[PDB]
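Colleague: Sharing a structure, written as structure tokens. Questions coming.
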Amino acid sequence: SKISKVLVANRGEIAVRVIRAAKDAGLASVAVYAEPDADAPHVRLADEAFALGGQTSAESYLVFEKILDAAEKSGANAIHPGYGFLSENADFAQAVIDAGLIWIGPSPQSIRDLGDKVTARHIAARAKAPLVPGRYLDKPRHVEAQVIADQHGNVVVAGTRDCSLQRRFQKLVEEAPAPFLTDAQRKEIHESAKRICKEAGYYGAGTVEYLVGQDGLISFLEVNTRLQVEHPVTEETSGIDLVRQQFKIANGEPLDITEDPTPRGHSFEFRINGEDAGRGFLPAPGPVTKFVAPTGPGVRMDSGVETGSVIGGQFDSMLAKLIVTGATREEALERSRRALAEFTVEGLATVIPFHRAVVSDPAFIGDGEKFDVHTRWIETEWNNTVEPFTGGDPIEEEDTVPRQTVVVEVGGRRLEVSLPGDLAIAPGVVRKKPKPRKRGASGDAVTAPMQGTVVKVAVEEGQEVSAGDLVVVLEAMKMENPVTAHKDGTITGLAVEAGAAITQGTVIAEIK
Amino acid sequence: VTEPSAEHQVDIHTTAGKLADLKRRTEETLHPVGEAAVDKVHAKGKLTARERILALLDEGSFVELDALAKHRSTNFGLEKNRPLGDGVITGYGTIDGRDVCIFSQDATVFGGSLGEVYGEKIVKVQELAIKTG
Amino acid sequence: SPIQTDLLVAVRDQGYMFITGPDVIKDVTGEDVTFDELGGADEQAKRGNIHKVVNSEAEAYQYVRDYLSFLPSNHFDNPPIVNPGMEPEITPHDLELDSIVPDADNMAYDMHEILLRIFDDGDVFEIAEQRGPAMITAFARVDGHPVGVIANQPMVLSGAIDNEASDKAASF
Amino acid sequence: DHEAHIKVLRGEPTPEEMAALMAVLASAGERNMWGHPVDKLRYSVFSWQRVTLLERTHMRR
């Protein structure tokens, strides 16, 4: 068979990207969307969109029966799993094949085998992959080899990536090809990836990930079987359209590419997460009251949101990916500095200030033959200069005064000037420091600190607890928020249950 | 059970669904006798009762009152045709920064003929104007 | 004389209010009560004779300064106008109200999550907090003008208007 | 200092251009209740506005 009409099931950016790839294929494309996503760009972009129900991902996107129902109703003949939910759910992939739909991805056998950590180690041994001896790595660098493989066992290493700028083992900035590697290291990584994939019997796109020790010791870390969110810097350097290549593979066609393409220049990717880097990189929901993309030479944007989007607390914080490319890593950094200077995102916190900072830092610029960044560098060595997000909130007394902004030309210079509404250059108006919109307690209620979902309830009705004991865990934006008893006493009312969506200030329980 | 986006409505049993329902009803108040009657009015080059208020008042100053009101007459089958607003648009707005109360009768609804709730809405705006001065 | 006055502040373990001492009560009746039980400031706030209990005289004076900061000097003069015209537009803090009411009608929530957002700022100055806690009586400002806010508190007694909530509301 | 200042959001002037800017901007920048209308209004002998309008005007400062 062949893909004739795809259904995707992912939100935001990767849904948009796969819809775009499908239109480039000339394939019809079907989106599916949860109740919060009724406004998201992918719903408008797909040739049609089918509603999923429920507020949470666990209701909307994790339920196999809803996606299979939507495939049946839409008449799509292929399924694309995107990044998040089901791309390594071998049971879903099996149910898809059992439906007779084309699964755009690896075989469920290989998904389950490489997902099993022990089986993957055995496979690596059988493949004679570079295994870390033993050892723990103190400042490792996180490299990776994008692989393309057809069902006939041809395998191509489309290039390397460096993904070492991480927090909480989650990537923020990544670059391709992996710089400052010896040719020996590169050859090793390529060979290793090809061997591991053929030994696993892998087909479809996938990425083999490695750590490089300070002594250059390559170690195979894991295989991620699904176009990783970083594929763009490989597309831009190698020139491949990796999603179409997934289409060509899923059609059962052999690879066009006979030999590993030589990378042109260099590319960076920056993850535009809705996270406040001036706090502890905390994700926060909010409106996207302004979104203006970096534009022009060497700049690509893949973005899941637009001006007027609303990001609720139910899904991952990633708003966008900014990708910047140049003839050399130096030029690529220069262009990245421009692009990040042009980026403006308003109404919620973004890591854009961190990106701006890090692209200026000698530890990441390097000496021209090495750099100092490692997978814990952001948490342990980057001096976090970024101030907390406040938006427009008036915070000091002078902020409360209305302001009129005017453009003034002085000797031809276009000055732009803000004029206070009472400047002596309101007959009884007083200015004073306005109080924050915050509750500055003895009360019995345990209250939810933010909107989310109740992933765990720790207490039972009538239990006695002590100050600091866990009451619930709230999943907000796929981050754990343990909520704890503020005083000793007995749980004497209990409204929550696991899987419940919960709003801020909801009374979870009463401690008496 | 999934549905096309043309048919699906957010679950009314949720705050989001109730809010969406309010949006639907509000939209439905913009064309309470159907869009064809508004087109028929513009074809004559005349503003609707809503546009006349929005033109006269200062931009965005209008706060509408009793938008969703419906008549309650059961005489002569009127219960079958209960257009939102009962054919008068009412509220308050600034003109040149100074507050005024306003009402504007809609000829598309029963020829603008005064009925029960129509009159009650005008009465309410009058009382508000007098108490507020 | 105090009970006539519009605002009563008392200090814990220092302020007490009672018409007859524990000893006199014992002698007349033999009922036995402590000053904390009969007189105590928290008991009088729960009974609603007193509007605020604080931990120190300095806190009391501050509470008076805040209380007066919303009020005109007299029936005829006008109250202070403070920080008018802040945030003339729809903020994220307003948009957060679109999802602040729980989906399930039995779920309680803290009304302060609404009160802190619908007025000019967080300066919701609560009066008689403990008296009839199913009800909130507070000052706030709208465009810098003082307003009295009566709100139900679903977090307590499901917001049912009890005897003390009723009398608190009426007097406020 | 909590005073609200002027703010040059964009660009830099030279000191001479700043002097021109500031000179230009600077160069651009009792009760008598006798016959007050409230006295001219005709009230019912029992009209509440005798409290809430008339006194609330004459007494108000």
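Colleague: Got a number for residues in segment C:29-59 being in a helix (DSSP H, G or I) and crowded, with 16+ Cβ neighbours inside 10 Å?
Modeller: Initial filter on segment C:29-59 (in a helix (DSSP H, G or I)): C:29, C:35-38, C:41-47, C:57-59.
Applying the additional criterion that residues be crowded, with 16+ Cβ neighbours inside 10 Å yields C:38, C:41, C:43-46.
Within segment C:29-59, residues that are in a helix (DSSP H, G or I) and crowded, with 16+ Cβ neighbours inside 10 Å number 6.
Colleague: In segment A:33-91, what residues are under 23 Å from A:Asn251 (Cβ atoms) and of a type in the set (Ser, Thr, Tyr)?
Modeller: If the condition is that a residue be under 23 Å from A:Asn251 (Cβ atoms) and of a type in the set (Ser, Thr, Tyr), then A:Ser74, A:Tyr83, A:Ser87 are the ones that fit.
Colleague: Another question about this same structure. Checking the conditions here, which among C:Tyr16, C:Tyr61 is aromatic (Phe, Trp, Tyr) and under 30 Å from C:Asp120 (Cβ atoms)?
Modeller: From the options C:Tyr16, C:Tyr61, the qualifying one is C:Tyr61.
Colleague: Here's a follow-up. Could you tell me how many of the residues in segment A:66-84 are farther than 21 Å from A:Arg244 by Cα and hydrophobic (A, V, I, L, M, F, W, C)?
Modeller: Of the residues in segment A:66-84, 3 are farther than 21 Å from A:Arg244 by Cα and hydrophobic (A, V, I, L, M, F, W, C).
Colleague: List the strands (runs of 3 or more DSSP E) inside segment A:272-370, counting only whole elements, that have at least 3 residues being in contact with a helix residue (DSSP H, G or I) (Cβ under 8 Å, 6 or more places away or on another chain).
Modeller: The qualifying strands (runs of 3 or more DSSP E) are A:299-303, A:318-326.
Colleague: Next up: Considering only segment A:386-418, how many residues are within 8 Å of chain D (Cβ to nearest Cβ), out of contact with any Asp or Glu (no Cβ under 7 Å at 6 or more places or on another chain) and either farther than 19 Å from D:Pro13 by Cβ or not in a strand (DSSP E or B) (or both)?
Modeller: 3
Colleague: Just wondering, is there one or more residues in segment A:434-446 that are more than 14 Å from chain D (Cβ to nearest Cβ) and farther than 21 Å from C:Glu113 by Cα?
Modeller: For segment A:434-446, residues more than 14 Å from chain D (Cβ to nearest Cβ) and farther than 21 Å from C:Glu113 by Cα: absent.
Colleague: Might you check whether a residue that is over 18 Å from the mean Cα position of the chain (by Cα), crowded, with 23+ Cβ neighbours inside 10 Å and not in a loop (DSSP other than H, G, I, E, B) occurs anywhere in segment A:250-258?
Modeller: Kept after step one, since they are over 18 Å from the mean Cα position of the chain (by Cα), are these residues of segment A:250-258: A:250-258.
In the following step, the residues that additionally are crowded, with 23+ Cβ neighbours inside 10 Å were identified as A:250.
Narrowing the set further to residues that are not in a loop (DSSP other than H, G, I, E, B) leaves A:250.
Yes, the conditions are met somewhere in segment A:250-258.
Colleague: What residue, among those in segment A:40-76 that are small (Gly, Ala, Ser) and assigned to a helix (DSSP H, G or I), is nearest to the other protein chains (Cβ to nearest Cβ)?
Modeller: Of segment A:40-76, the ones small (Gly, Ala, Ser) are A:40, A:46, A:49, A:51, A:53-54, A:57-58, A:60, A:70-71, A:74-76.
Narrowing further to those that are assigned to a helix (DSSP H, G or I): A:57-58, A:60, A:70-71, A:74.
Details: A:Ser57: 16, A:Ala58: 15, A:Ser60: 10, A:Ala70: 4, A:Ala71: 9, A:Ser74: 8 Å.
So, considering only residues that are small (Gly, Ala, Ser) and assigned to a helix (DSSP H, G or I), the one nearest to the other protein chains (Cβ to nearest Cβ) is A:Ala70.
Colleague: Only one of C:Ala151, C:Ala138, C:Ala134, C:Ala108 is closer than 19 Å to A:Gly505 by Cβ and within 9 Å of chain A (Cβ to nearest Cβ); which?
Modeller: Details: C:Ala151 fails: within 9 Å of chain A (Cβ to nearest Cβ); C:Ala138 fails: within 9 Å of chain A (Cβ to nearest Cβ); C:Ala134 fails: within 9 Å of chain A (Cβ to nearest Cβ).
The unique qualifying residue is C:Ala108.
Colleague: On to the next question. Say we look at segment A:276-314 and pick out the residues that are acidic (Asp, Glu) and away from chain C (no Cβ under 14 Å); which of these is surrounded by the fewest Cβ atoms within 10 Å (Cβ to Cβ)?
Modeller: Across segment A:276-314, the extreme among qualifying residues is A:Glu306.
Colleague: Of the residues that sit in segment A:424-449 and are crowded, with 17+ Cβ neighbours inside 10 Å and more than 19 Å from C:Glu87 (Cβ to Cβ), which one is nearest to the chain's Cα centre (by Cα)?
Modeller: A:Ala448
Colleague: Filter segment C:77-86 down to the residues that are surrounded by fewer than 17 Cβ atoms within 10 Å (Cβ to Cβ) and more than 7 Å from chain A (Cβ to nearest Cβ), then identify the one that is nearest to the chain's Cα centre (by Cα).
Modeller: So, considering only residues that are surrounded by fewer than 17 Cβ atoms within 10 Å (Cβ to Cβ) and more than 7 Å from chain A (Cβ to nearest Cβ), the one nearest to the chain's Cα centre (by Cα) is C:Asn78.
Colleague: Condition test on A:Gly201, is it surrounded by fewer than 20 Cβ atoms within 10 Å (Cβ to Cβ) and on the phi > 0 side of the Ramachandran plot? Steps first, answer last, please.
Modeller: On the way: surrounded by fewer than 20 Cβ atoms within 10 Å (Cβ to Cβ): yes; on the phi > 0 side of the Ramachandran plot: yes.
It is true that A:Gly201 is surrounded by fewer than 20 Cβ atoms within 10 Å (Cβ to Cβ) and on the phi > 0 side of the Ramachandran plot.
Colleague: Based on this model, can you work out whether C:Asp94 counts as surrounded by fewer than 18 Cβ atoms within 10 Å (Cβ to Cβ) and more than 7 Å from chain A (Cβ to nearest Cβ)? Spell out how you get there, then give the answer.
Modeller: Numbers: surrounded by fewer than 18 Cβ atoms within 10 Å (Cβ to Cβ): yes; more than 7 Å from chain A (Cβ to nearest Cβ): yes.
Spelling it out, C:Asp94 is indeed surrounded by fewer than 18 Cβ atoms within 10 Å (Cβ to Cβ) and more than 7 Å from chain A (Cβ to nearest Cβ).
Colleague: Starting from segment C:86-102, take each residue that is more than 17 Å from A:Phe389 (Cβ to Cβ) and list its partners that are of a type in the set (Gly, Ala, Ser) and surrounded by 13 or more Cβ atoms within 10 Å (Cβ to Cβ), counting only C-beta distances under 7 angstrom and pairs at least six apart or across chains.
Modeller: Note: pairs meeting the criteria are C:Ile100/A:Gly505.
Colleague: Across segment D:3-51, what is the total count of residues that are within 14 Å of chain A (Cβ to nearest Cβ) and touching a helix residue (DSSP H, G or I) at 6+ places or on another chain (Cβ under 6 Å)?
Modeller: Within segment D:3-51, residues that are within 14 Å of chain A (Cβ to nearest Cβ) and touching a helix residue (DSSP H, G or I) at 6+ places or on another chain (Cβ under 6 Å) number 1.
Colleague: While we're on this one: Output the residue which, of all residues in segment A:465-512 that are over 25 Å from the mean Cα position of the chain (by Cα), in a loop (DSSP other than H, G, I, E, B) and within 14 Å of chain C (Cβ to nearest Cβ), is nearest to A:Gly274 (Cα to Cα).
Modeller: A:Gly505
Colleague: Scan segment A:323-382 residue by residue and report those that are in contact with a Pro (Cβ under 9 Å, 6 or more places away or on another chain), under 12 Å from A:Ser164 (Cβ atoms) and of a type in the set (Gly, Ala, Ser).
Modeller: Of everything in segment A:323-382, just one residue is in contact with a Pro (Cβ under 9 Å, 6 or more places away or on another chain), under 12 Å from A:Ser164 (Cβ atoms) and of a type in the set (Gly, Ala, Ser), namely A:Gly366.
Colleague: Name the single residue, out of those in segment B:4-52 being of a type in the set (S, T, N, Q) and over 30 Å from A:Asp47 (Cα atoms), that is nearest to the other protein chains (Cβ to nearest Cβ).
Modeller: B:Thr29
Colleague: So, one more: Quick check on segment D:46-57. Is at least one of its residues under 24 Å from the mean Cα position of the chain (by Cα), in a loop (DSSP other than H, G, I, E, B) and farther than 16 Å from A:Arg413 by Cβ?
Modeller: no
Colleague: Return the residue satisfying two criteria in turn: it lies in segment C:137-167 and is closer than 16 Å to C:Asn49 by Cα, of a type outside the set (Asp, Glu) and touching a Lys or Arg at 6+ places or on another chain (Cβ under 9 Å), and of such residues it is surrounded by the most Cβ atoms within 10 Å (Cβ to Cβ).
Modeller: Taking the candidates together, the pick is C:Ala165.
Colleague: Please indicate, with yes or no, whether at least one residue in segment A:159-170 is surrounded by 16 or more Cβ atoms within 10 Å (Cβ to Cβ), in a helix (DSSP H, G or I), in contact with an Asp or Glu (Cβ under 9 Å, 6 or more places away or on another chain) and not acidic (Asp, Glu). Spell out how you get there, then give the answer.
Modeller: Looking only at segment A:159-170, we keep the residues that are surrounded by 16 or more Cβ atoms within 10 Å (Cβ to Cβ), and these are A:159-167.
Still in the list and also in a helix (DSSP H, G or I): none.
No.
Read-outs throughout are calculated quantities, based only on the coordinates presented, and are distinct from any laboratory measurement. Because the Cβ atoms are built from the backbone with ideal geometry, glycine has one as well, and the counts that use them run over all protein chains shown.
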